[PDB]
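Structure record follows, encoded as structure tokens.
For this chain, numbers begin at 1 and follow the sequence in order. Both backbone and side-chain heavy atoms feed into the values below; hydrogens, waters and symmetry mates do not. Read the numbers this way: they start at 1 and go in the same order the structure lists the ligands and their atoms.
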Amino acid sequence: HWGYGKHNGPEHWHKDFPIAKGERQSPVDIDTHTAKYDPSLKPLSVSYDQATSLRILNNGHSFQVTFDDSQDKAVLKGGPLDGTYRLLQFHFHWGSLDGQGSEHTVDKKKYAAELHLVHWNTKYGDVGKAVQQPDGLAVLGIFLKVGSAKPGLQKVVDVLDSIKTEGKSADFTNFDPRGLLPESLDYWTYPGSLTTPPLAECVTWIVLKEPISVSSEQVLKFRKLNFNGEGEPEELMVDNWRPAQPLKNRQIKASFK
Ligand SMILES: Cc1cc(C)c2c(c1)S(=O)(=O)NC(=O)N2
Ligand SMILES: Cc1cc(C)c2c(c1)S(=O)(=O)NC(=O)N2
Ligand SMILES: Cc1cc(C)c2c(c1)S(=O)(=O)NC(=O)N2
Ligand SMILES: [Zn+2]
């Protein structure tokens, strides 16, 4: 029932998911002059060399690439994190126009899209248990701006025609998510939530300062996806982002000066 339309979008979600008005909701605006450099934060460790992608799917709210998370093959460690977090999937949020689409903002700036690499804390054994814990998930958020093409994204873009409508999936093996990362791993971090229902407050957010650049043709292909299913009235999948939420009693920490 929930979505991004006028009658079921973010301003409605609290009725089914009252945690939408909770104390650690995401996304947030990152005020760069208020975030504090924390020298105790460790460098991020992104170990994706053994990643095993499985499928790509249109779930009616975004498209997602899934990974085999039954072993420590693609893990995130370090930074603000204690322990080992396994990569489960990645997906994007994007706009109808290049000036909007990201969920997090930086000094109120909206990027054209935002990539979420979703990882779960192995001490909880499975992702369903992890989402019930305040430190269960670590999502690596990466901004996209429009400029030069991102070669490591092209394989994703070229298969989207095969998952145009909700419920469609396709084989997506041998995809290397390292090709979606910027050069720098400098980041901001804060405790937050999933950005769609059920809005569970289980996420350590790690948002990279350096955006990746994608081409206008690449983001245009995101915008040709459909929220609807096959044989239904076509509604383009655009503006699948939640706006910034109240920071409340949180501090955003920076890994860099
Ligand atoms: C009619 C309509 C318009 C928009 C933007 C929608 C939906 C329907 S929707 O498909 O019900 N789900 C969604 O996310 N956005
Ligand atoms: C535990 C869990 C719950 C929900 C609603 C999820 C996922 C995991 S998920 O697999 O990360 N992808 C998704 O779209 N919804
Ligand atoms: C685990 C998970 C589940 C869902 C539905 C999510 C996310 C993570 S997410 O990365 O916060 N972004 C989003 O829109 N939905
Ligand atoms: Zn997301």
(request) Could you tell me whether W205 approaches ligand 3 through its side chain, its backbone, both or neither, with non-hydrogen atoms closer than 4.0 Å? (result) side chain
(message) Just to be sure I read this right, does ligand 3 sit under 4.0 Å from the backbone of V203, its side chain, both, or neither, counting only heavy atoms?
(response) neither
With a cut-off of 4.0 Å, which atoms of ligand 2 are near a heavy atom of [X]?
X: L88; value: 10 (O), 11 (O)
X: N59; value: 14 (O)
X: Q89; value: 9 (S), 11 (O), 12 (N)

(message) Counting only heavy atoms, tell me which of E235, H7, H1, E166 gets closest to atom 1 (C) of ligand 1.
(response) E235
(request) Have a look at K129, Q132, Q64, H91 and point out the one with the heavy atom closest to atom 13 (C) of ligand 2. (result) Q64
Tell me whether the centres of the aromatic rings in [X] and [Y] are closer together than 6.0 Å.
X: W188; Y: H104; value: no
X: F175; Y: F90; value: yes
X: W94; Y: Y111; value: no

Tell me, which protein residue and heavy-atom name are nearest [atom], and how many Å apart are they?
atom: atom 10 (O) of ligand 1; answer: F227 CB, 3.8 Å
atom: atom 2 (C) of ligand 3; answer: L194 CD2, 3.4 Å
atom: atom 11 (O) of ligand 3; answer: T195 N, 3.1 Å
atom: atom 14 (O) of ligand 1; answer: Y4 N, 2.9 Å
atom: atom 4 (C) of ligand 1; answer: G5 CA, 3.9 Å
atom: atom 8 (C) of ligand 2; answer: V127 CG2, 4.4 Å
atom: atom 15 (N) of ligand 3; answer: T196 OG1, 2.8 Å

Can [X] and [Y] be counted as an ion pair, charged N to O under 4.0 angstrom?
X: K109; Y: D107; answer: no
X: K73; Y: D68; answer: yes
X: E23; Y: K248; answer: yes
X: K224; Y: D161; answer: no
X: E234; Y: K164; answer: yes

(request) First locate atom CG of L81, then atom NZ of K77, and finally report the distance between them rounded to the nearest 0.5 Å. (result) 9.5 Å
(message) Rounded to the nearest 0.5 Å, what separates atom CD in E114 from atom CD in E103?
(response) 5.5 Å
Can you name the atoms of ligand 3, numbered from 1 with element, that are less than 4.0 Å from a heavy atom of [X]?
X: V139; result: 10 (O)
X: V118; result: 1 (C), 10 (O)
X: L137; result: 1 (C)

(request) Report yes if some N/O of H93 lies less than 3.5 Å from some N/O of ligand 3; otherwise report no. (result) yes
(message) With side-chain contact (heavy atoms from CB on, under 4.5 Å) as the test, pick out the partner of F63 among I163, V159, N240.
(response) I163
(message) At less than 4.0 angstrom from any non-hydrogen atom of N8, what atoms of ligand 1 do you find?
(response) 11 (O), 12 (N)
(request) For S53 and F172, indicate whether the former's side chain and the latter's backbone hold a donor-acceptor pair under 3.5 Å. (result) yes
(request) Give a yes/no on ligand 3: does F90 have at least one heavy atom closer than 4.0 angstrom to it? (result) no
(request) Check whether any protein heavy atom sits under 4.0 Å from atom 6 (C) of ligand 2. (result) no
(request) Could you tell me whether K209 sits above the aromatic face of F256, with NZ or CZ closer than 6.0 angstrom to the six-membered ring centre and within 45 degrees of the axis? (result) yes
